[PDB]
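Here the structure is laid out as structure tokens; the discussion comes afterwards.
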Amino acid sequence: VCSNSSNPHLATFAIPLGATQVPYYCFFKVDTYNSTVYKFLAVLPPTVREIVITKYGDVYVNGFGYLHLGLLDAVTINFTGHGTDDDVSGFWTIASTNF
Amino acid sequence: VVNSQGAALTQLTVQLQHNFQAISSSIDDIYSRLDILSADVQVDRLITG
Amino acid sequence: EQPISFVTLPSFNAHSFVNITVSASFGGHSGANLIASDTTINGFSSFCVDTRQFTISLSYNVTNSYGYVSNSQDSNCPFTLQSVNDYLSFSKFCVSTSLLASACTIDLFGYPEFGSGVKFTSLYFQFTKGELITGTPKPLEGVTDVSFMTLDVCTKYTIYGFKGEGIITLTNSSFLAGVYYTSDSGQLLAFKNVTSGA
Amino acid sequence: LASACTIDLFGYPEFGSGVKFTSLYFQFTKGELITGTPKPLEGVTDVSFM
Amino acid sequence: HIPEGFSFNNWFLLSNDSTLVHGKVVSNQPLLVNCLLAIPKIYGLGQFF
Ligand SMILES: *[C@@H]1O[C@H](CO)[C@@H](O[C@@H]2O[C@H](CO)[C@@H](O[C@@H]3O[C@H](CO[C@H]4O[C@H](CO)[C@@H](O)[C@H](O)[C@@H]4O)[C@@H](O)[C@H](O[C@H]4O[C@H](CO)[C@@H](O)[C@H](O)[C@@H]4O)[C@@H]3O)[C@H](O)[C@H]2NC(C)=O)[C@H](O)[C@H]1NC(C)=O
Ligand SMILES: *[C@@H]1O[C@H](CO)[C@@H](O[C@@H]2O[C@H](CO)[C@@H](O[C@@H]3O[C@H](CO[C@H]4O[C@H](CO)[C@@H](O)[C@H](O)[C@@H]4O)[C@@H](O)[C@H](O[C@H]4O[C@H](CO)[C@@H](O)[C@H](O)[C@@H]4O)[C@@H]3O)[C@H](O)[C@H]2NC(C)=O)[C@H](O)[C@H]1NC(C)=O
Ligand SMILES: *[C@@H]1O[C@H](CO)[C@@H](O[C@@H]2O[C@H](CO)[C@@H](O[C@@H]3O[C@H](CO[C@H]4O[C@H](CO)[C@@H](O)[C@H](O)[C@@H]4O)[C@@H](O)[C@H](O[C@H]4O[C@H](CO)[C@@H](O)[C@H](O)[C@@H]4O)[C@@H]3O)[C@H](O)[C@H]2NC(C)=O)[C@H](O)[C@H]1NC(C)=O
Ligand SMILES: *[C@@H]1O[C@H](CO[C@@H]2O[C@@H](C)[C@@H](O)[C@@H](O)[C@@H]2O)[C@@H](O[C@@H]2O[C@H](CO)[C@@H](O[C@@H]3O[C@H](CO)[C@@H](O)[C@H](O[C@H]4O[C@H](CO)[C@@H](O)[C@H](O)[C@@H]4O)[C@@H]3O)[C@H](O)[C@H]2NC(C)=O)[C@H](O)[C@H]1NC(C)=O
Ligand SMILES: *[C@@H]1O[C@H](CO)[C@@H](O[C@@H]2O[C@H](CO)[C@@H](O[C@@H]3O[C@H](CO)[C@@H](O)[C@H](O)[C@@H]3O)[C@H](O)[C@H]2NC(C)=O)[C@H](O)[C@H]1NC(C)=O
Ligand SMILES: *[C@@H]1O[C@H](CO)[C@@H](O[C@@H]2O[C@H](CO)[C@@H](O)[C@H](O)[C@H]2NC(C)=O)[C@H](O)[C@H]1NC(C)=O
Ligand SMILES: *[C@@H]1O[C@H](CO)[C@@H](O)[C@H](O)[C@H]1NC(C)=O
Ligand SMILES: *[C@@H]1O[C@H](CO)[C@@H](O)[C@H](O)[C@H]1NC(C)=O
Ligand SMILES: *[C@@H]1O[C@H](CO)[C@@H](O)[C@H](O)[C@H]1NC(C)=O
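Protein chains in written order, with the entry's author numbering: chain A, 348 to 446; chain B, 1041 to 1089; chain C, 496 to 693; chain D, 595 to 644; chain E, 249 to 297.
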């Protein structure tokens, strides 16, 4: 969940957000069957091109490997893909990469 | 022979990165994080190697 | 009088205080022997940090007839009790008084000068290398980005978990990959300002 | 026990804290008279097979 | 196999730490592809993988 200084609830999680409204402040919500906490890790970089996710929980942004997690099994993706939005779609290509 | 004489210098830098049974290869890193005694022993090992 | 430069990933002021408190008495049992000893981590037996910036604080509460108790620390982890306040970077950090897997042990010893010294307790640290956790000696007030540095002068710098001595300068190079560049000597000569790209 | 290594078992009930149940001690010597097989052999006169 | 004749503008090497400025290296990398989807529309309906 990422927001551009529009945090009705994340402001409670992080009162001193800082910076200004132009940069986007992203957050990871740790949702589970016991708690729904919200964590802050970093601010959105100005440019993002390639994002890689592994089966072992490793996420790579711009060839860095920012964060690592445990075992993964599935994922869900949603945006405004209402048929006619593919022209300005934010995803160019999605592939099943193998080592 | 020209490449043979131009070689045998690059590998001299390599063993600096090698760690000799020490926490890290950077002496400044070790000296400011751990007590003087074991750090001195480890840097003695490093300099001897 | 070396200026100090500290630069990490851009983030706001998220500071927390982790506190270990030890309380014990010596003058009741035998002078050289204790009666009761309690250790609390913010009033709890174990804790785990979550904020990017954290500060450790250790408090002593010892009672004895002599009134003076020598405090000593037995260290096995790569960092000591006070060394953690020297701009240290981690990814996961948890502290407990009980045994935990893949955790080193740090011991605290008290010598009330009565002739015999005793170990109050043992501390266990479960730590992983990383960037999301930073240890600062003091909180930063009115600071939007913790990173601060001085250019074109000799300075003691601590960048991305590596500490060195040198003059730092700006270069007119463009690169879209990586956050730092290293040579075959282990020297991190080139690093990029992620916010600006410089 | 003397000259015995320690093997530890840890249980994490997902409640937030994990504990060590106990410690196991093995006193072992290299040799031939003891063999460890995944399953018993039924109707076998000589365990050797190749 | 990936076809030849690609600029790979939106591709980067998978690195845990640092990056090679210039040179050559061999390592296991995520390059083998099973299927490719481009100009997409369906993930706007909560696509599941
Ligand atoms: C950056 O740092 C990260 C750490 O965060 C490294 O990530 C590790 O990468 C290695 C290499 O892939 C991972 O090791 C893999 O573990 C798999 C899981 O092991 C299970 O299966 C084996 C049997 O194969 C059992 O013996 C074992 O007990 C486990 O049950 C292995 O399966 C992998 O080996 C096999 O993988 C597939 C499976 O079919 C085969 O096709 C392969 O040929 C191979 O035989 C492999 O060993 C490791 O788990 C990762 N760690 C983490 C924490 O994610 C990165 O490697 C490092 N570098 C880079 C560039 O990112
Ligand atoms: C974990 O450990 C930290 C570090 O000790 C604790 O933080 C300290 O908390 C104590 C009180 O429990 C503070 O002592 C007094 O606090 C009063 C109110 O605290 C607020 O204001 C101070 C600044 O004045 C802030 O630092 C603090 O975070 C609160 O926002 C102050 O009014 C007192 O000020 C008096 O002393 C100072 C110094 O002599 C004088 O300048 C003043 O004029 C006044 O006379 C006093 O400071 C202490 O300040 C806190 N230190 C820090 C660094 O925050 C945590 O409470 C503790 N947490 C747990 C769970 O154990
Ligand atoms: C390279 O690395 C440096 C190292 O930190 C980072 O530099 C960022 O960009 C600029 C460069 O200096 C800095 O942020 C900007 O500061 C300006 C001035 O700051 C204050 O100056 C006086 C006090 O001396 C105040 O009175 C004044 O009001 C300023 O607040 C600001 O003008 C910028 O925005 C400010 O004003 C707007 C006006 O609406 C407010 O909305 C903002 O909230 C803000 O108050 C801006 O803040 C700072 O050094 C770094 N900014 C960051 C990290 O956010 C960068 O990492 C990188 N350089 C660049 C350019 O990215
Ligand atoms: C330094 O430590 C002392 C010792 O207290 C305790 O010592 C260990 C046994 C261990 O439990 C420590 O964690 C703990 O600090 C502090 O002195 C007293 O500490 C207690 C905390 O346990 C305070 O509160 C007390 O709590 C008891 C349990 O509920 C309660 O029974 C007490 O009431 C009784 O207090 C005295 C005995 O202490 C007794 O004479 C009374 O008549 C009454 O029944 C009490 O509520 C006390 O308030 C602390 N002070 C006193 C004078 O007892 C000390 O505060 C701490 N810090 C310093 C010295 O700075
Ligand atoms: C990838 O993202 C870019 C950035 O948005 C997309 O470019 C956008 O393309 C659409 C249609 O091609 C443009 O809409 C049309 O623009 C023309 C002017 O060129 C205008 O006359 C029309 O009325 C209509 O608005 C859109 O402007 C353009 N974005 C920008 C910033 O110019 C691109 O299509 C995306 N690619 C994929 C595959 O999704
Ligand atoms: C998750 O663990 C916590 C504590 O063990 C429990 O979650 C509570 O569930 C009740 C009823 O749904 C809520 O009213 C509480 O607010 C929950 N706690 C918290 C901290 O949010 C429960 O045991 C577990 N929940 C599961 C297994 O679904
Ligand atoms: C982010 O900024 C855009 C303007 O480009 C605005 O429309 C949008 O509402 C902002 N985000 C939020 C969560 O308000
Ligand atoms: C970089 O730009 C030009 C060369 O491209 C050079 O003359 C200039 O001095 C440099 N500026 C710096 C290093 O700030
Ligand atoms: C995906 O998000 C849109 C938001 O516009 C929502 O209407 C839709 O129901 C979501 N899809 C699923 C499967 O939740």
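The beta-carbon is built from N, C-alpha and C at its ideal position, and this holds for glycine as well.
(Q) On the CB-based measure, 16 or more other CB atoms within 10 Å of its CB, does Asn-528(C) come out buried or exposed? (A) exposed
Q. Closer than 7 Å from C-beta to any heavy atom of ligand 8: which residues, in chain order?
A. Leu-665(C), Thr-666(C), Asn-667(C)
Q | Interface flag, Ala-685(C) vs chain A, CB-CB below 8 Å | A | Closer than 8 Å: no.
Q) Leaving out the 5 sequence neighbours to the left and right, which residues in its chain are closer than 6 Å to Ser-567(C) when beta-carbon positions are compared? A) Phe-604
Q: Show which residues of chain A have a CB atom less than 7 Å away from the CB atom of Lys-289(E).
A: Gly-428, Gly-430, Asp-433
(Q) Pairs of beta-carbons, one from the stretch 418–431 of chain A and one from the stretch 284–296 of chain E, closer than 8 Å: are there three or more? (A) yes
Q: Please state if the CB of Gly-522(C) and the CB of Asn-559(C) are separated by a distance shorter than 8 Å.
A: yes
Q.
At the level of alpha carbons, what is the spacing between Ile-551(C) and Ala-531(C)?
A. 24 Å
Q | Beta-carbon separation (whole angstroms), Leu-418(A) vs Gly-404(A), contact threshold 8 Å | A | 6 Å
Q | 3-residue-minimum beta strand (DSSP E) runs that sit fully inside the stretch 571–614 of chain C, ordered along the chain | A | Those beta strand (DSSP E) runs which fall completely within the stretch 571–614 of chain C and span 3+ residues are 583–591, 599–606.
Q.
Let me confirm a value: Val-384(A) is counted as buried when at least 16 other C-beta atoms fall within 10 Å, else exposed. Which label applies?
A. With fewer than 16 other Cβ atoms within 10 Å, it is exposed.
Q) Hey, would you say the C-beta of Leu-279(E) is under 7 Å away from at least one heavy atom of ligand 1? A) no
Q.
So, does the stretch 539–550 of chain C touch the stretch 590–600 of chain C, judging by three or more C-beta pairs under 8 Å?
A. yes
Q) Relative to the C-alpha of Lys-272(E), which residue among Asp-265(E), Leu-261(E), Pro-251(E) is closest? A) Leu-261(E)
Q. In or out: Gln-548(C) buried (at least 16 other Cβ within 10 Å) or exposed?
A. buried
Q) Taking buried to mean at least 16 other C-beta atoms within 10 Å of its own C-beta, is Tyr-561(C) buried or exposed? A) exposed
Q) By Cβ distance, which residues of its chain are closer than 6 Å to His-429(A), with the 5 residues on each side in sequence left out? A) none
Q: Below 8 Å on the Cβ atoms is my guess for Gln-577(C) versus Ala-598(C); work out the distance and round it to an integer in Å.
A: Between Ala-598(C) and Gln-577(C) the Cβ distance is about 20 Å, and since that is not below 8 Å, they are no contact.
(Q) On the DSSP letters alone, give me the boundaries of the beta strand (DSSP E) that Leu-268(E) sits inside. (A) Per DSSP, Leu-268(E) belongs to no beta strand (DSSP E) and is neither H nor E.
Q | Test: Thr-623(C) CB closer than 8 Å to a CB of chain E | A | With respect to chain E, the C-beta atom of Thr-623(C) has no partner C-beta closer than 8 Å.
(Q) So if DSSP puts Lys-402(A) in a beta bridge, which residue, or which two residues, is it bridged to? (A) According to DSSP, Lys-402(A) bridges with nothing at all.
Q. For the candidate residues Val-1054(B), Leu-1049(B), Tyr-1071(B), whose alpha-carbon lies nearest to that of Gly-681(C)?
A. Just measuring C-alpha positions, the residue of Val-1054(B), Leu-1049(B), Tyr-1071(B) sitting nearest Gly-681(C) is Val-1054(B).
Q: Find the residues of chain B that neighbour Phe-574(C), judging by a C-beta separation of less than 7 Å, and give them in chain order.
A: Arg-1073
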